[PDB]
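Report on one structure; see the data block that follows.
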Amino acid sequence: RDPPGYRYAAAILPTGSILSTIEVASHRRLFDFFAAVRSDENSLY
Amino acid sequence: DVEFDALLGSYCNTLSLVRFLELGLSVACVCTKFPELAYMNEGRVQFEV
Amino acid sequence: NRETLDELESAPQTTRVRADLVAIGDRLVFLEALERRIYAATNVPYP
Amino acid sequence: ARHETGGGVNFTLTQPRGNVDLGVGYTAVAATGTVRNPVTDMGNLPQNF
């Protein structure tokens, strides 16, 4: 959970440019860890 | 009588040492020189889209 | 071994002559008909 | 590493390496071009249970 989630806390410390954009959830069966932006998260603070 | 054998020549090639950066495939990949994978356990990359 | 073994000797002499050159790809090739040249009236059939 | 056979000495070399599917979605499609050989001869053999 968090050893994937710290990477999203490390994504909160950003350097990395993502070039082309499509829908993420079509590639849900591709990633190792998925988080979902829903306007807020009480954990990220 | 005289009868002799003649090594009329010797030829060789060279191992054409291709360099991976001298190659059209090189923009598919950020090839990074990180000499410390041996003591490493694991890395992660997070993504914020 | 980065050897200079095979050959580099003398740079021989060059002479002009009539011929033909075509460019099939980047490999540039002679052309030769060998019937009217040498086997003209010779009783040997052309190969 | 070293192996030291009865036939001689050996020196093998390895290297740890890493790669990442860094693109978030569907990089590098491929496609079929030609047929070039019909490897199997298409039939006329029974099945034998």
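Because the Cβ atoms are built from the backbone with ideal geometry, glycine has one as well, and the counts that use them run over all protein chains shown. Readers should treat all values here as calculations from the given coordinates under stated rules, not as data from a laboratory.
Inspect all residues belonging to the range D:26-36 and state whether any of them is among the aromatic types (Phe, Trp, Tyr), assigned to a loop (DSSP other than H, G, I, E, B) and surrounded by 10 or more Cβ atoms within 10 Å (Cβ to Cβ). Checking the range D:26-36: at least one residue is among the aromatic types (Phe, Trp, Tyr), assigned to a loop (DSSP other than H, G, I, E, B) and surrounded by 10 or more Cβ atoms within 10 Å (Cβ to Cβ). Kindly check whether there is at least one residue in the range D:22-36 that is hydrophobic (A, V, I, L, M, F, W, C), farther than 30 Å from A:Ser20 by Cβ and either within 14 Å of chain B (Cβ to nearest Cβ) or out of contact with any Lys or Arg (no Cβ under 7 Å at 6 or more places or on another chain) (or both). Checked the range D:22-36: at least one residue is hydrophobic (A, V, I, L, M, F, W, C), farther than 30 Å from A:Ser20 by Cβ and either within 14 Å of chain B (Cβ to nearest Cβ) or out of contact with any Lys or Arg (no Cβ under 7 Å at 6 or more places or on another chain) (or both). Is it true that A:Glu23 is under 16 Å from D:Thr27 (Cβ atoms) and either charged (D, E, K, R) or surrounded by 12 or more Cβ atoms within 10 Å (Cβ to Cβ) (or both)? Yes, satisfied. Looking only at chain B, which residues are within 23 Å of C:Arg2 (Cβ to Cβ) and of a type in the set (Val, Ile, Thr)? Correct list: B:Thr14, B:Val18.
Might you let me know whether the range B:2-25 holds any residue that is surrounded by 10 or more Cβ atoms within 10 Å (Cβ to Cβ), out of contact with any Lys or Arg (no Cβ under 8 Å at 6 or more places or on another chain) and either touching a residue at least 60 places away in the same chain (Cβ under 8 Å) or within 25 Å of A:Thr21 (Cα to Cα) (or both)? No, every residue in the range B:2-25 fails to be surrounded by 10 or more Cβ atoms within 10 Å (Cβ to Cβ), out of contact with any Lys or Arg (no Cβ under 8 Å at 6 or more places or on another chain) and either touching a residue at least 60 places away in the same chain (Cβ under 8 Å) or within 25 Å of A:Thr21 (Cα to Cα) (or both). Can you find even one residue in the range B:25-38 that is within 30 Å of A:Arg7 (Cα to Cα), among the aromatic types (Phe, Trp, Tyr) and in a loop (DSSP other than H, G, I, E, B)? Yes. Taking each residue of the range C:30-47 that is without any contact (Cβ under 8 Å) to a residue 60 or more places away in the chain and looking for partners that are of a type in the set (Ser, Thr, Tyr) and surrounded by fewer than 10 Cβ atoms within 10 Å (Cβ to Cβ) with beta-carbon atoms closer than 9 Å, six or more apart or interchain, yields C:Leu34/C:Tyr46; C:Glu35/C:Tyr46; C:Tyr39/C:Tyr46. Filtered by the rule that a residue be within 14 Å of chain A (Cβ to nearest Cβ) and hydroxyl-bearing (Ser, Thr, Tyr), the range B:21-49 gives a lone residue, B:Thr32.
If you go through the range A:1-21 and pick out every residue that is more than 10 Å from chain B (Cβ to nearest Cβ) and either of a type in the set (D, E, K, R) or farther than 14 Å from D:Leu22 by Cα (or both), you end up with 2.
Yes/no per residue for (1) within 15 Å of the chain's Cα centre (by Cα); (2) closer than 30 Å to B:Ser16 by Cα; (3) of a type in the set (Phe, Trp, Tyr); (4) loosely packed, with under 10 Cβ neighbours inside 10 Å:
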| site | (1), (2), (3), (4) |
| --- | --- |
| C:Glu3 | no, yes, no, yes |
| C:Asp6 | no, yes, no, yes |
| C:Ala11 | no, yes, no, yes |
| C:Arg18 | yes, no, no, yes |
| C:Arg27 | yes, yes, no, yes |
| C:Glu32 | yes, no, no, yes |
| C:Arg36 | no, no, no, yes |
| C:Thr42 | no, no, no, yes |
| C:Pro47 | no, no, no, yes |
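Within the range D:5-19, can you find the residues that are facing chain B (nearest Cβ under 9 Å) and surrounded by 10 or more Cβ atoms within 10 Å (Cβ to Cβ)? Selection gives D:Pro16 alone.
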